[PDB]
Amino acid sequence: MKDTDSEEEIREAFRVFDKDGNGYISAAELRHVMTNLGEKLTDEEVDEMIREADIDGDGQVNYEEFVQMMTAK
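Note that the sequence shown covers residues 76 to 148 in PDB author numbering.
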(Lines of atoms letter the chains of each structure in order from A and count residues from 1; the text may use other names and numbers.)
(Lines give C-alpha, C1' and ligand atoms only; values in the text may rest on other atoms or scores of the structure.)
Protein backbone atom coordinates (compact mmCIF):
# COMPACT_ATOMS: atom_id res chain seq x y z
CA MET A 1 0.00 0.00 0.00
CA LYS A 2 2.53 2.64 -1.10
CA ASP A 3 4.39 3.58 -4.31
CA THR A 4 3.08 0.81 -6.59
CA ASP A 5 0.96 0.20 -9.71
CA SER A 6 -0.71 -3.04 -8.56
CA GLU A 7 0.38 -5.89 -10.85
CA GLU A 8 -3.31 -6.84 -10.81
CA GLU A 9 -4.23 -3.67 -12.73
CA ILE A 10 -3.23 -5.69 -15.82
CA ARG A 11 -4.36 -9.13 -14.62
CA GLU A 12 -7.94 -7.89 -15.10
CA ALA A 13 -7.48 -5.49 -18.04
CA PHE A 14 -6.31 -8.69 -19.77
CA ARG A 15 -9.62 -10.54 -19.46
CA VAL A 16 -11.36 -7.25 -20.31
CA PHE A 17 -10.30 -8.20 -23.85
CA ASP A 18 -10.23 -11.99 -23.38
CA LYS A 19 -13.98 -12.59 -23.03
CA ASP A 20 -13.63 -16.21 -24.14
CA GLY A 21 -11.71 -16.79 -20.87
CA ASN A 22 -9.47 -19.22 -22.80
CA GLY A 23 -6.08 -17.62 -22.05
CA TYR A 24 -5.43 -15.99 -25.44
CA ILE A 25 -7.31 -13.00 -26.89
CA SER A 26 -8.56 -13.64 -30.45
CA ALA A 27 -8.85 -10.91 -33.11
CA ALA A 28 -12.61 -10.70 -32.58
CA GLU A 29 -11.95 -10.26 -28.84
CA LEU A 30 -9.79 -7.23 -29.68
CA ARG A 31 -12.25 -5.65 -32.15
CA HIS A 32 -15.19 -6.39 -29.81
CA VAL A 33 -13.87 -4.54 -26.73
CA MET A 34 -11.96 -1.89 -28.70
CA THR A 35 -15.32 -0.79 -30.14
CA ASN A 36 -17.07 -0.86 -26.75
CA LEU A 37 -16.64 2.93 -26.87
CA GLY A 38 -17.29 3.47 -30.60
CA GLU A 39 -13.98 2.66 -32.32
CA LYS A 40 -14.63 0.23 -35.19
CA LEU A 41 -11.37 -1.59 -36.00
CA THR A 42 -11.53 -3.26 -39.43
CA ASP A 43 -9.96 -6.64 -40.32
CA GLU A 44 -6.77 -5.25 -41.92
CA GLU A 45 -6.53 -3.05 -38.80
CA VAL A 46 -7.10 -5.76 -36.16
CA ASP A 47 -4.57 -8.31 -37.49
CA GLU A 48 -2.03 -5.46 -37.67
CA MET A 49 -2.90 -4.22 -34.16
CA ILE A 50 -2.33 -7.80 -32.99
CA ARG A 51 0.99 -8.32 -34.78
CA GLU A 52 2.38 -5.65 -32.40
CA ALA A 53 0.50 -6.86 -29.30
CA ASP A 54 1.83 -10.44 -29.45
CA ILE A 55 5.49 -11.44 -29.87
CA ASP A 56 5.52 -13.64 -32.98
CA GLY A 57 3.25 -16.70 -32.74
CA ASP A 58 0.44 -16.74 -35.29
CA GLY A 59 -1.68 -13.67 -34.52
CA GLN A 60 -3.08 -14.10 -30.99
CA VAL A 61 -2.44 -12.21 -27.75
CA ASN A 62 -1.89 -13.53 -24.21
CA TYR A 63 -1.32 -12.15 -20.70
CA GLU A 64 2.45 -11.59 -20.94
CA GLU A 65 1.92 -10.15 -24.44
CA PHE A 66 -1.15 -8.14 -23.41
CA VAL A 67 0.89 -6.61 -20.57
CA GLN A 68 3.13 -4.71 -23.02
CA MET A 69 0.05 -3.57 -24.98
CA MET A 70 -1.77 -2.72 -21.73
CA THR A 71 0.59 -0.28 -19.99
CA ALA A 72 2.63 1.19 -22.87
CA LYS A 73 0.83 1.82 -26.18
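For every residue, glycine included, the Cβ atom is placed at its ideal position computed from N, Cα and C.
List the endpoints of the continuous alpha helix (DSSP H) containing residue i.
i              : result
residue 163    : No statement about residue 163 is possible, as the shown extent of the chain runs from 76 to 148 and does not include it.
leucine 112    : Segment: none, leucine 112 is in no alpha helix (DSSP H) and carries neither H nor E.
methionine 144 : 138 to 145
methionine 124 : 118 to 128
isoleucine 85  : 83 to 92
Give a yes or no on whether the C-beta atoms belonging to residue i and residue j are separated by under 8 Å.
i                : j            : result
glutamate 84     : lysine 94    : no
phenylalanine 89 : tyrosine 138 : yes
Just mark residue i as buried or exposed, buried being the case when its beta carbon has 16 or more other beta carbons within 10 Å.
i             : result
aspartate 80  : exposed
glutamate 119 : exposed
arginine 106  : buried
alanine 128   : buried
Residues in the same chain with beta-carbon distance under 6 Å from residue i, minus the five sequence neighbours each way, listed in chain order, please.
i                 : result
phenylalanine 141 : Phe89
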